[PDB]
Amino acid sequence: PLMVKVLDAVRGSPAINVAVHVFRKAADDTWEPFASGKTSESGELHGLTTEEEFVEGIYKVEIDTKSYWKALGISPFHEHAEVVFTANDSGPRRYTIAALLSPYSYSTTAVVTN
């Protein structure tokens, strides 16, 4: 139900081997680790969770943009990109969190489908 896709606006390519961490907000308002991985050669990270586990709640997707740029020998602005949203059962069932990265800028969009 959750996929993350990352693109590099400088090179016009997927952003490969980017670390991504997902957290779920706990009842005490802290962020608890939920799932993680590294984007593939296609810039995608699949397999993070299951329908059973991805219950309604507030989630945060943290994308390690700084390490990505540093590996390319480029100084970037942000520490990371963070995407924070509520998962809602009464909306479509599949969430794609997309991010488009530049050194001093990023875009993120949610594509929510059935």
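Start at 1 with the first residue shown and count on from there. Basically, rigid core = biggest C-alpha set you can superpose within 1.5 Å across the two forms.
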{"item": "More variable segment, 82-90 or 54-62 [Cα RMS over structures in 8 other deposited structures of this protein, core-superposed]", "value": "82-90"}
{"item": "Mean temperature factor over C-alpha atoms, higher-scoring stretch between 73-81 and 23-31", "value": "23-31"}
{"item": "36-44 versus 84-92 - which carries the larger mean C-alpha B factor in the record", "value": "84-92"}
{"item": "Position of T50 among the chain's modelled residues by C-alpha B-factor, lowest, middle or highest third", "value": "highest"}
{"item": "Relative C-alpha B-factor of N114, binned into the chain's lowest, middle or highest third", "value": "highest"}
